[PDB]
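Structure first, then comments.
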2 protein chains.
Amino acid sequence: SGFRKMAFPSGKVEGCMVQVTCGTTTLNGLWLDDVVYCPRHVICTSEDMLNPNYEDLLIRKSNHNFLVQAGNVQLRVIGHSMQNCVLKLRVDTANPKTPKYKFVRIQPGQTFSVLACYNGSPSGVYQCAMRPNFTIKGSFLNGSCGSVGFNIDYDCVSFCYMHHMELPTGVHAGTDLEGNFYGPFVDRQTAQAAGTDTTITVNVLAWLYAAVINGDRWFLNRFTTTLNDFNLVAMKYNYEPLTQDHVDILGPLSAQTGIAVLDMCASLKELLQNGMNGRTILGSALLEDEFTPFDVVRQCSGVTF
Amino acid sequence: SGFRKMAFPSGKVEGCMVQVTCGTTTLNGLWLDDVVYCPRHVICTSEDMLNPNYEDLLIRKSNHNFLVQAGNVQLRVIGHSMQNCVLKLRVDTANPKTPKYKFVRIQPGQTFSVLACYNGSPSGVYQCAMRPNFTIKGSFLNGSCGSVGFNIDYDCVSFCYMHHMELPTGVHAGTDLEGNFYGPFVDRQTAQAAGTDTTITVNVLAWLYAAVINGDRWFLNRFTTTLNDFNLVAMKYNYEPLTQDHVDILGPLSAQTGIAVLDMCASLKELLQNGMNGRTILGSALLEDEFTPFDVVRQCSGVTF
Ligand SMILES: *C(=N)[C@H](C[C@@H]1CCNC1=O)NC(=O)[C@@H]1[C@@H]2[C@H](CN1C(=O)[C@@H](NC(=O)C(F)(F)F)C(C)(C)C)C2(C)C
Ligand SMILES: *C(=N)[C@H](C[C@@H]1CCNC1=O)NC(=O)[C@@H]1[C@@H]2[C@H](CN1C(=O)[C@@H](NC(=O)C(F)(F)F)C(C)(C)C)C2(C)C
């Protein structure tokens with residue numbers, strides 16, 4: 001019993017974190033095989049970042065301009081190229097600690113662990129959801145860029161995020177491992193706005209099932225609702241519309257508890273309309289939307305790696 | 001910016017986890033040097049746990065009765081001894097992945113990372129605080145016993161917890177690596193309840209400094225209180241008494257922000273008596289007490305390991 005925000009064990013990702021320096025700019029890189037992937041703004045100075053032309057900045061750079069440090073060891077960069085907002089550095093050797101991996105582009109609502117690093121060294125690990133407005137609510141300081149987000153499926157590390165920047169409202173933005181930004185953001189030091197953030201509805205229901213499995217059941221009612229009737233109510237509260245696909249994803253949790261998805265929606269509707277009245281759910285006074293249906297199943301059935 | 005509950009990178013602890021089976025009872029062990037530490041109830045059958053005579057049960061157990069598995073390799077147990085509630089199985093092979101380590105007993109209020117395991121394999125990582133009632137709010141299932149709590153001091157791993165049991169309200173209990181339980185709990189399936197919990201006041205104040213550091217400054221007021229006047233209000237709300245040692249520990253946070261501890265106490269008093277007025281602090285509608293002042297400093301400085 002008990003329910004916590006839980007990150008994947010990070011040992012496999014730790015063995016891939018290196019330090020990338022270009023001039024006086026230092027950040028992190030991800031060493032897999034003989035390639036190191038890092039944000040392309042490692043080539044900028046403080047002034048370049050206001051309006052960079054990465055193409056010309058990179059032309060003025062050659063192999064001896066990039067220092068890659070793995071532990072106490074310098075890695076010889078024997079090639080470089082630019083793929084979207086990510087820089088690929090060909091190094092003299094393959095990472096002996098390279099795990100089985102893939103690069104994936106995640107959907108909004110999906111979660112991943114972030115291994116926050118500074119100077120190629122791991123500082124901490126925390127769980128993050130890709131918000132519907134394509135930002136994450138993380139914890140990143142100067143030099144954190146290059147820190148990656150990932151998921152583990154038994155032995156395989158699926159990398160999905162690389163940190164690049166922080167937006168005005170304290171939220172964070174970055175790219176997939178191909179350099180494509182999540183959202184309408186650019187790697188330029190200029191005011192940019194993230195859209196209005198909505199609540200991931202399928203995730204709130206998933207967390208309500210986790211609360212039920214843990215014995216937190218005060219919010220359950222003997223009422224029912226239709227999918228349309230629930231959506232008409234929830235949308236006034238800035239909740240994402242719930243679809244038949246989302247109900248199919250909630251199925252294993254529904255079957256395990258014996259509470260139909262639309263029965264749980266009637267409890268969620270009541271919580272939005274009447275509030276929580278000083279009560280808590282899994283120790284929280286707000287409805288939590290950063291656990292996916294899979295995160296609940298994984299935690300409640302002890303999936304190991 | 002951004003303040004998140006963060007666990008230590010788990011790589012170092014991952015390499016120390018093994019599986020320990022005795023008869024039909026299977027759980028996790030911690031392999032350091034040529035010794036495997038695990039909870040002593042691994043020798044118990046399902047009926048023994050109601051009223052176990054450990055001294056007697058262990059006398060009827062031999063080295064050959066303990067199966068220890070490190071990956072696909074079975075380790076030969078060449079000796080054993082019972083230290084309080086922990087079993088120490090001497091194996092014929094030192095763990096080549098043994099990091100620099102120490103065993104410590106933590107105090108209530110101090111935090112640690114839990115690497116949760118099943119069958120000797122890591123499933124996830126999260127941060128916990130030793131509550132004033134000596135329980136922890138974790139997430140553990142059947143077979144999670146022997147999973148450990150740890151802190152990392154750059155290169156040294158301080159092991160401070162080993163999971164043994166779960167109490168009625170979904171809260172957990174365990175021992176230090178000497179087998180001594182935190183709290184008044186015993187390792188027997190008998191009626192036990194955690195004493196009424198209190199809020200860790202120094203951790204709440206450290207969390208408000210983290211809020212000011214990140215921009216949430218709405219709760220700051222012109223008022224100032226004494227230590228005595230603060231403590232008379234905290235006790236009403238079930239808060240731990242704030243001592244001069246707690247005030248001294250808060251010193252680095254107070255100096256970085258230029259806000260006196262007793263000026264932050266007036267902010268906390270106002271918050272306890274009159275509420276949060278519909279506002280959040282660091283994305284939370286409740287006052288968080290699981291970040292110690294060292295966690296706030298570590299995260300806000302980007303300390304690496
Ligand atoms: C990479 N190490 C940092 C990480 C930032 C620093 C503070 N916390 C973070 O997440 N990335 C940057 O410094 C990027 C980088 C230039 C400026 N920058 C920003 O994150 C800035 N943000 C923006 O200009 C905005 F709002 F558009 F996102 C900053 C104001 C410094 C937070 C580049 C090339 C975008
Ligand atoms: C270790 N593998 C498990 C972890 C438990 C199982 C359910 N969730 C957990 O955290 N430990 C146990 O099964 C221990 C073990 C016997 C009984 N047990 C308990 O934790 C039980 N609790 C109590 O006896 C109580 F109420 F006193 F705290 C249980 C009812 C199974 C939760 C021993 C030797 C204590």
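Naming scheme: A, B, ... for chains in displayed order of the structure tokens; residues 1 onward per chain; ligands 1 onward as shown.
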Please identify the residues whose atoms come within 6 Å of ligand 2, using only C-alpha atoms and all ligand atoms, and report them as a ChimeraX atom specification. /A:1 /B:27,41,49,140-145,164-168,172,187-192
Selected residues written out with N, CA, C and O atoms, as an mmCIF file, in the first residue's frame:
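Output (out_2.cif):
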```
data_model
loop_
_atom_site.group_PDB
_atom_site.id
_atom_site.type_symbol
_atom_site.label_atom_id
_atom_site.label_comp_id
_atom_site.auth_asym_id
_atom_site.auth_seq_id
_atom_site.Cartn_x
_atom_site.Cartn_y
_atom_site.Cartn_z
ATOM 1 N N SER A 1 0.806 -1.195 0.000
ATOM 2 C CA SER A 1 0.000 0.000 0.000
ATOM 3 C C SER A 1 0.879 1.304 0.000
ATOM 4 O O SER A 1 2.115 1.238 -0.009
ATOM 5 N N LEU B 27 12.449 -12.353 -0.486
ATOM 6 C CA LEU B 27 12.546 -10.897 -0.324
ATOM 7 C C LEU B 27 13.898 -10.367 -0.868
ATOM 8 O O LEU B 27 14.651 -11.125 -1.495
ATOM 9 N N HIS B 41 12.708 -11.848 9.132
ATOM 10 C CA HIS B 41 11.469 -12.586 8.923
ATOM 11 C C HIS B 41 11.479 -13.402 7.633
ATOM 12 O O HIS B 41 10.489 -14.100 7.382
ATOM 13 N N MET B 49 4.794 -15.802 11.366
ATOM 14 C CA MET B 49 4.709 -14.342 11.485
ATOM 15 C C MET B 49 3.724 -13.833 12.533
ATOM 16 O O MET B 49 3.929 -12.743 13.032
ATOM 17 N N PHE B 140 5.072 0.340 -1.038
ATOM 18 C CA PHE B 140 5.662 -0.984 -0.998
ATOM 19 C C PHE B 140 4.562 -2.035 -1.071
ATOM 20 O O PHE B 140 3.482 -1.877 -0.496
ATOM 21 N N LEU B 141 4.865 -3.139 -1.709
ATOM 22 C CA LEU B 141 3.925 -4.242 -1.871
ATOM 23 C C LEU B 141 4.507 -5.515 -1.224
ATOM 24 O O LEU B 141 5.580 -5.469 -0.624
ATOM 25 N N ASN B 142 3.838 -6.677 -1.402
ATOM 26 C CA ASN B 142 4.364 -7.959 -0.927
ATOM 27 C C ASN B 142 5.698 -8.226 -1.662
ATOM 28 O O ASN B 142 5.796 -7.984 -2.867
ATOM 29 N N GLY B 143 6.728 -8.597 -0.908
ATOM 30 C CA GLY B 143 8.044 -8.852 -1.480
ATOM 31 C C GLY B 143 8.971 -7.651 -1.547
ATOM 32 O O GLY B 143 10.090 -7.777 -2.042
ATOM 33 N N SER B 144 8.548 -6.494 -1.054
ATOM 34 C CA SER B 144 9.400 -5.287 -1.063
ATOM 35 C C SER B 144 10.375 -5.214 0.126
ATOM 36 O O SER B 144 11.265 -4.347 0.138
ATOM 37 N N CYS B 145 10.206 -6.091 1.137
ATOM 38 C CA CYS B 145 11.092 -6.080 2.297
ATOM 39 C C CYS B 145 12.545 -6.318 1.920
ATOM 40 O O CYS B 145 12.853 -7.095 1.007
ATOM 41 N N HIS B 164 10.720 -3.309 6.433
ATOM 42 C CA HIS B 164 10.261 -4.531 7.101
ATOM 43 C C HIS B 164 8.727 -4.712 7.064
ATOM 44 O O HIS B 164 8.258 -5.843 6.875
ATOM 45 N N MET B 165 7.944 -3.644 7.316
ATOM 46 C CA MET B 165 6.490 -3.829 7.440
ATOM 47 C C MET B 165 5.629 -2.597 7.094
ATOM 48 O O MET B 165 6.142 -1.477 6.998
ATOM 49 N N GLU B 166 4.311 -2.800 7.029
ATOM 50 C CA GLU B 166 3.336 -1.743 6.788
ATOM 51 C C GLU B 166 2.317 -1.707 7.929
ATOM 52 O O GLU B 166 1.768 -2.738 8.279
ATOM 53 N N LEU B 167 2.046 -0.526 8.468
ATOM 54 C CA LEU B 167 1.109 -0.262 9.552
ATOM 55 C C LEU B 167 -0.302 0.078 9.035
ATOM 56 O O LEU B 167 -0.478 0.304 7.836
ATOM 57 N N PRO B 168 -1.322 0.071 9.923
ATOM 58 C CA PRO B 168 -2.711 0.227 9.480
ATOM 59 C C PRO B 168 -3.087 1.350 8.511
ATOM 60 O O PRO B 168 -3.881 1.070 7.594
ATOM 61 N N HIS B 172 4.621 3.061 6.503
ATOM 62 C CA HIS B 172 5.594 1.982 6.587
ATOM 63 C C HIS B 172 6.610 2.099 7.730
ATOM 64 O O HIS B 172 6.844 3.181 8.262
ATOM 65 N N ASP B 187 8.938 -6.755 14.673
ATOM 66 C CA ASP B 187 8.644 -7.505 13.455
ATOM 67 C C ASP B 187 7.767 -8.774 13.726
ATOM 68 O O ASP B 187 8.197 -9.936 13.623
ATOM 69 N N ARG B 188 6.499 -8.507 14.033
ATOM 70 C CA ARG B 188 5.507 -9.527 14.288
ATOM 71 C C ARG B 188 4.161 -9.045 13.733
ATOM 72 O O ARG B 188 3.804 -7.882 13.926
ATOM 73 N N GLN B 189 3.405 -9.946 13.077
ATOM 74 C CA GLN B 189 2.076 -9.649 12.569
ATOM 75 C C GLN B 189 1.090 -9.626 13.725
ATOM 76 O O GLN B 189 0.358 -10.595 13.958
ATOM 77 N N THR B 190 1.104 -8.518 14.468
ATOM 78 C CA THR B 190 0.289 -8.290 15.645
ATOM 79 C C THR B 190 -0.170 -6.832 15.656
ATOM 80 O O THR B 190 0.459 -5.980 15.016
ATOM 81 N N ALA B 191 -1.266 -6.542 16.374
ATOM 82 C CA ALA B 191 -1.861 -5.208 16.425
ATOM 83 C C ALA B 191 -0.903 -4.100 16.805
ATOM 84 O O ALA B 191 -0.512 -3.980 17.960
ATOM 85 N N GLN B 192 -0.517 -3.294 15.828
ATOM 86 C CA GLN B 192 0.396 -2.166 16.068
ATOM 87 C C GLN B 192 -0.138 -0.938 15.346
ATOM 88 O O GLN B 192 -0.671 -1.046 14.246
#
```
Could the residues of chain A within 9 Å of chain B, counting only C-alpha atoms, be given as a tab-separated table (two decimals) with C-alpha atoms, in the first residue's frame, please?
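Okay, this is what ended up in out07.tsv:
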```tsv
chain	number	residue	atom	x	y	z
A	1	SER	CA	0.00	0.00	0.00
A	2	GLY	CA	0.95	3.73	-0.23
A	3	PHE	CA	1.21	5.78	-3.44
A	4	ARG	CA	4.09	7.95	-4.42
A	5	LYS	CA	5.45	9.83	-7.40
A	6	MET	CA	8.07	7.30	-8.44
A	7	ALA	CA	10.97	7.71	-10.88
A	8	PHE	CA	12.62	4.83	-12.78
A	9	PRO	CA	15.99	3.56	-11.40
A	10	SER	CA	18.54	5.90	-13.12
A	11	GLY	CA	21.79	3.81	-13.18
A	12	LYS	CA	21.56	3.04	-16.91
A	13	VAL	CA	21.16	6.75	-17.80
A	14	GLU	CA	23.97	7.84	-15.38
A	15	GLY	CA	26.51	5.83	-17.38
A	115	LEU	CA	17.92	12.78	-14.61
A	116	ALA	CA	18.94	16.36	-13.75
A	117	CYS	CA	22.67	16.88	-14.37
A	118	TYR	CA	25.32	19.63	-14.02
A	119	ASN	CA	28.83	19.37	-15.56
A	120	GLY	CA	28.00	15.85	-16.77
A	121	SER	CA	27.21	14.62	-13.22
A	122	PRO	CA	23.83	13.46	-11.92
A	123	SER	CA	22.20	15.65	-9.26
A	124	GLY	CA	18.76	14.02	-8.92
A	125	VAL	CA	15.85	12.14	-10.47
A	126	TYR	CA	12.14	13.20	-10.61
A	127	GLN	CA	9.02	12.34	-12.60
A	137	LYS	CA	7.15	21.38	-14.57
A	138	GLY	CA	10.69	20.51	-13.66
A	139	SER	CA	13.58	21.86	-11.65
A	140	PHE	CA	16.43	23.14	-13.82
A	141	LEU	CA	19.25	25.60	-13.14
A	142	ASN	CA	22.12	27.10	-15.20
A	144	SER	CA	21.19	21.81	-16.61
A	166	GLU	CA	12.88	27.79	-19.14
A	170	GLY	CA	8.76	28.98	-14.54
A	171	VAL	CA	7.83	26.05	-16.83
A	172	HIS	CA	10.41	24.10	-18.87
A	214	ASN	CA	-5.24	2.36	-1.44
A	215	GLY	CA	-8.49	2.66	0.55
A	284	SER	CA	-3.18	15.82	-1.75
A	285	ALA	CA	-5.70	18.71	-1.53
A	286	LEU	CA	-5.65	19.18	-5.34
A	298	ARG	CA	3.22	-0.36	-12.66
A	299	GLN	CA	3.26	0.97	-9.10
A	300	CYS	CA	0.35	-1.08	-7.82
A	301	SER	CA	1.61	-4.41	-9.34
A	302	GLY	CA	5.39	-4.03	-8.69
A	303	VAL	CA	6.85	-4.03	-12.20
A	304	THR	CA	10.65	-4.36	-11.88
A	305	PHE	CA	13.51	-3.68	-14.40
```
Backbone-only DSSP, strand (DSSP E or B) members of range 61-212 of chain A, as a compact mmCIF listing (two decimals) with N, CA and C atoms, in the first residue's frame:
```
# COMPACT_ATOMS: atom_id res chain seq x y z
N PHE A 66 35.22 21.60 -29.40
CA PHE A 66 34.32 20.91 -28.50
C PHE A 66 35.09 19.97 -27.57
N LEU A 67 35.02 20.21 -26.25
CA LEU A 67 35.68 19.31 -25.29
C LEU A 67 34.59 18.45 -24.64
N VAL A 68 34.74 17.13 -24.69
CA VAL A 68 33.79 16.19 -24.11
C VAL A 68 34.47 15.44 -22.97
N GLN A 69 33.95 15.56 -21.76
CA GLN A 69 34.56 14.91 -20.60
C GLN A 69 33.64 13.87 -19.96
N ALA A 70 34.06 12.60 -19.95
CA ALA A 70 33.34 11.49 -19.35
C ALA A 70 34.15 11.08 -18.12
N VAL A 73 38.05 11.65 -17.96
CA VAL A 73 38.59 11.36 -19.28
C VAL A 73 38.09 12.28 -20.39
N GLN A 74 39.00 12.75 -21.23
CA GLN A 74 38.64 13.60 -22.36
C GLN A 74 38.35 12.71 -23.55
N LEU A 75 37.23 12.95 -24.23
CA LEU A 75 36.87 12.18 -25.41
C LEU A 75 37.17 13.03 -26.63
N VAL A 77 36.68 14.48 -30.07
CA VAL A 77 35.59 14.70 -31.02
C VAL A 77 36.18 14.68 -32.43
N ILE A 78 35.81 13.68 -33.25
CA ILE A 78 36.30 13.51 -34.61
C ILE A 78 35.23 13.82 -35.70
N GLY A 79 34.16 14.50 -35.31
CA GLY A 79 33.09 14.88 -36.22
C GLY A 79 32.00 15.65 -35.51
N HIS A 80 31.22 16.44 -36.25
CA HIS A 80 30.09 17.16 -35.69
C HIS A 80 29.09 17.51 -36.77
N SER A 81 27.83 17.58 -36.39
CA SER A 81 26.77 17.96 -37.31
C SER A 81 25.56 18.46 -36.54
N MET A 82 24.69 19.21 -37.22
CA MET A 82 23.51 19.77 -36.58
C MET A 82 22.24 19.15 -37.10
N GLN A 83 21.43 18.59 -36.19
CA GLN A 83 20.15 17.97 -36.52
C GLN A 83 19.11 18.73 -35.74
N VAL A 86 19.59 20.02 -31.98
CA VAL A 86 20.51 19.13 -31.30
C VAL A 86 21.78 19.02 -32.09
N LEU A 87 22.88 18.92 -31.37
CA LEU A 87 24.21 18.81 -31.94
C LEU A 87 24.69 17.40 -31.70
N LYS A 88 25.20 16.74 -32.76
CA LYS A 88 25.75 15.39 -32.66
C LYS A 88 27.27 15.46 -32.79
N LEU A 89 27.99 14.92 -31.80
CA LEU A 89 29.44 14.93 -31.82
C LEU A 89 29.94 13.50 -31.96
N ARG A 90 30.67 13.20 -33.03
CA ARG A 90 31.23 11.87 -33.23
C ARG A 90 32.45 11.80 -32.35
N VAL A 91 32.55 10.85 -31.41
CA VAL A 91 33.75 10.76 -30.57
C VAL A 91 34.59 9.52 -30.95
N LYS A 100 20.60 -0.82 -24.07
CA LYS A 100 19.69 -0.98 -25.21
C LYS A 100 18.77 0.25 -25.15
N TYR A 101 18.63 0.94 -26.28
CA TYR A 101 17.90 2.19 -26.29
C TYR A 101 17.16 2.44 -27.58
N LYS A 102 16.24 3.40 -27.51
CA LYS A 102 15.52 3.95 -28.64
C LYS A 102 15.18 5.41 -28.35
N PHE A 103 14.94 6.17 -29.41
CA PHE A 103 14.57 7.57 -29.29
C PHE A 103 13.11 7.61 -29.67
N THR A 111 4.20 10.45 -19.21
CA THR A 111 5.20 10.81 -18.21
C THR A 111 6.57 10.18 -18.51
N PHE A 112 7.62 10.72 -17.88
CA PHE A 112 8.99 10.22 -18.01
C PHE A 112 9.82 10.68 -16.81
N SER A 113 10.96 10.02 -16.52
CA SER A 113 11.87 10.45 -15.45
C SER A 113 12.91 11.40 -16.03
N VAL A 114 13.33 12.39 -15.27
CA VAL A 114 14.35 13.34 -15.68
C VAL A 114 15.53 13.09 -14.79
N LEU A 115 16.71 12.89 -15.38
CA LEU A 115 17.92 12.78 -14.61
C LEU A 115 18.60 14.16 -14.74
N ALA A 116 18.37 15.03 -13.75
CA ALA A 116 18.94 16.36 -13.75
C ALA A 116 20.44 16.28 -13.52
N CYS A 117 21.21 16.88 -14.43
CA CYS A 117 22.67 16.88 -14.37
C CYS A 117 23.25 18.28 -14.47
N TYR A 118 24.50 18.42 -13.99
CA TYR A 118 25.32 19.63 -14.02
C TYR A 118 26.76 19.15 -14.22
N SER A 121 27.40 15.44 -14.43
CA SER A 121 27.21 14.62 -13.22
C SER A 121 25.77 14.65 -12.76
N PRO A 122 25.23 13.50 -12.36
CA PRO A 122 23.83 13.46 -11.92
C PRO A 122 23.61 14.07 -10.55
N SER A 123 22.61 14.96 -10.46
CA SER A 123 22.20 15.65 -9.26
C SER A 123 20.97 14.98 -8.62
N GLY A 124 19.98 14.62 -9.44
CA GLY A 124 18.76 14.02 -8.92
C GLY A 124 17.81 13.48 -9.98
N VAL A 125 16.81 12.72 -9.55
CA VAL A 125 15.85 12.14 -10.47
C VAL A 125 14.38 12.41 -9.97
N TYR A 126 13.54 12.88 -10.88
CA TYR A 126 12.14 13.20 -10.61
C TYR A 126 11.26 12.90 -11.83
N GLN A 127 9.98 12.70 -11.58
CA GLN A 127 9.02 12.34 -12.60
C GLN A 127 8.35 13.57 -13.18
N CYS A 128 8.13 13.59 -14.51
CA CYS A 128 7.55 14.73 -15.22
C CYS A 128 6.51 14.33 -16.22
N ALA A 129 5.44 15.12 -16.37
CA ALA A 129 4.46 14.84 -17.41
C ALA A 129 4.59 15.86 -18.51
N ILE A 136 7.01 21.09 -19.33
CA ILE A 136 7.12 20.21 -18.19
C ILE A 136 7.34 21.10 -16.97
N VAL A 148 18.44 14.59 -19.77
CA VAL A 148 17.45 13.87 -20.54
C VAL A 148 16.34 13.27 -19.70
N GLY A 149 15.21 13.06 -20.37
CA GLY A 149 14.01 12.42 -19.86
C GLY A 149 13.84 11.10 -20.58
N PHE A 150 13.42 10.06 -19.85
CA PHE A 150 13.34 8.73 -20.41
C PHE A 150 12.33 7.85 -19.67
N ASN A 151 12.06 6.68 -20.25
CA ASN A 151 11.25 5.61 -19.69
C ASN A 151 12.03 4.31 -19.88
N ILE A 152 11.77 3.32 -19.03
CA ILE A 152 12.45 2.03 -19.10
C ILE A 152 11.44 0.94 -19.31
N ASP A 153 11.64 0.10 -20.33
CA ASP A 153 10.75 -1.05 -20.55
C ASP A 153 11.61 -2.30 -20.44
N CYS A 156 15.36 -1.88 -21.92
CA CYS A 156 15.44 -0.84 -22.94
C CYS A 156 15.08 0.55 -22.45
N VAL A 157 15.97 1.51 -22.67
CA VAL A 157 15.77 2.89 -22.26
C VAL A 157 15.23 3.67 -23.42
N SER A 158 13.98 4.12 -23.34
CA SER A 158 13.41 4.95 -24.39
C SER A 158 13.63 6.39 -24.01
N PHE A 159 14.55 7.10 -24.69
CA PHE A 159 14.82 8.52 -24.43
C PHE A 159 13.78 9.36 -25.16
N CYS A 160 13.18 10.34 -24.45
CA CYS A 160 12.15 11.15 -25.07
C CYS A 160 12.35 12.66 -24.92
N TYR A 161 13.24 13.09 -24.03
CA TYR A 161 13.37 14.51 -23.77
C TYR A 161 14.79 14.95 -23.57
N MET A 162 15.12 16.17 -23.99
CA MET A 162 16.40 16.78 -23.69
C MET A 162 16.09 18.22 -23.30
N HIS A 163 16.59 18.67 -22.15
CA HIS A 163 16.31 20.02 -21.69
C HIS A 163 17.07 21.13 -22.43
N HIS A 164 16.36 22.22 -22.82
CA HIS A 164 16.97 23.35 -23.53
C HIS A 164 16.71 24.69 -22.86
N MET A 165 15.47 24.97 -22.39
CA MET A 165 15.15 26.30 -21.86
C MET A 165 14.04 26.37 -20.80
N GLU A 166 13.92 27.53 -20.14
CA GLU A 166 12.88 27.79 -19.14
C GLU A 166 12.06 28.99 -19.62
N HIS A 172 9.24 24.48 -18.10
CA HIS A 172 10.41 24.10 -18.87
C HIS A 172 10.10 23.55 -20.27
N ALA A 173 11.03 23.75 -21.20
CA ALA A 173 10.89 23.29 -22.58
C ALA A 173 12.18 22.71 -23.17
N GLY A 174 11.98 21.75 -24.03
CA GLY A 174 13.09 21.06 -24.67
C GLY A 174 12.65 20.27 -25.88
N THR A 175 13.57 19.49 -26.42
CA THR A 175 13.36 18.75 -27.64
C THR A 175 13.28 17.21 -27.45
N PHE A 181 11.66 20.45 -31.10
CA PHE A 181 11.04 20.94 -29.88
C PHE A 181 9.66 20.37 -29.68
N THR A 199 -5.90 20.34 -17.85
CA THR A 199 -5.72 19.19 -17.00
C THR A 199 -5.88 17.90 -17.82
```
If you count only C-alpha atoms, the residue of B:295, B:85, B:262, B:35 closest to residue 52 in chain B turns out to be B:85
With only C-alpha atoms and all ligand atoms as the atoms that count, which of A:92, A:76, A:176, A:194 lies nearest to ligand 1? A:194
Which residues, written as number ranges by chain, have at least one atom at most 9 Å from residue 230 in chain A, with only C-alpha atoms counted and residues fewer than 4 positions away on the same chain left out? A: 225-226, 234-235, 241-242, 262, 265-266, 268-269
How about saving the chosen residues, C-alpha atoms kept, as a compact mmCIF listing (two decimals), in the first residue's frame?
```
# COMPACT_ATOMS: atom_id res chain seq x y z
CA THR A 225 -22.82 9.83 -16.05
CA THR A 226 -22.53 9.68 -19.86
CA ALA A 234 -15.28 19.14 -17.08
CA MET A 235 -14.51 21.54 -19.95
CA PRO A 241 -12.11 16.11 -23.27
CA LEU A 242 -12.31 12.42 -22.39
CA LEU A 262 -18.28 6.34 -16.17
CA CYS A 265 -16.38 10.16 -13.95
CA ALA A 266 -19.52 10.83 -11.81
CA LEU A 268 -14.78 13.32 -10.68
CA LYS A 269 -17.71 15.56 -11.80
```
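Straight-line separation from atom 5 (C, counted along the ligand's line) of ligand 1 to CA of residue 72 in chain A: 25.4 Å.
Picture a line from CA of residue 290 in chain B to CA of residue 246 in chain B; it runs 14.7 Å.
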Return the single residue from A:206, A:30, A:17, A:193 that is closest to ligand 1, with distances computed using only C-alpha atoms and all ligand atoms.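 Smallest separation from ligand 1 among the options: A:193.
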Set the distance at 10 Å and use only C-alpha atoms: which residues neighbour residue 133 in chain A once local chain neighbours fewer than 3 positions away are removed? I'd like the list as a ChimeraX atom specification. /A:108-109,130,136,182-184,194-198
Mind writing the picked residues with C-alpha atoms as an mmCIF file, in the first residue's frame?
```
data_model
loop_
_atom_site.group_PDB
_atom_site.id
_atom_site.type_symbol
_atom_site.label_atom_id
_atom_site.label_comp_id
_atom_site.auth_asym_id
_atom_site.auth_seq_id
_atom_site.Cartn_x
_atom_site.Cartn_y
_atom_site.Cartn_z
ATOM 1 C CA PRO A 108 0.947 15.038 -24.352
ATOM 2 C CA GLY A 109 -0.145 13.465 -21.075
ATOM 3 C CA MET A 130 4.427 16.360 -20.880
ATOM 4 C CA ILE A 136 7.117 20.209 -18.192
ATOM 5 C CA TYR A 182 7.908 19.864 -28.107
ATOM 6 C CA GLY A 183 5.572 22.789 -28.663
ATOM 7 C CA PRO A 184 5.873 26.108 -30.451
ATOM 8 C CA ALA A 194 3.208 28.669 -23.509
ATOM 9 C CA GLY A 195 -0.528 28.242 -24.113
ATOM 10 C CA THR A 196 -3.170 27.948 -21.368
ATOM 11 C CA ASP A 197 -2.432 24.635 -19.594
ATOM 12 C CA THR A 198 -5.252 22.120 -19.390
#
```
Mind listing the helix (DSSP H, G or I) residues of range 70-265 of chain A, per DSSP on the backbone, as a VMD selection string? chain A and resid 201 to 213 227 to 237 244 to 257 261 to 265
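Taking CA of residue 186 in chain B and CA of residue 239 in chain B as the two end points, the separation is 26.9 Å.
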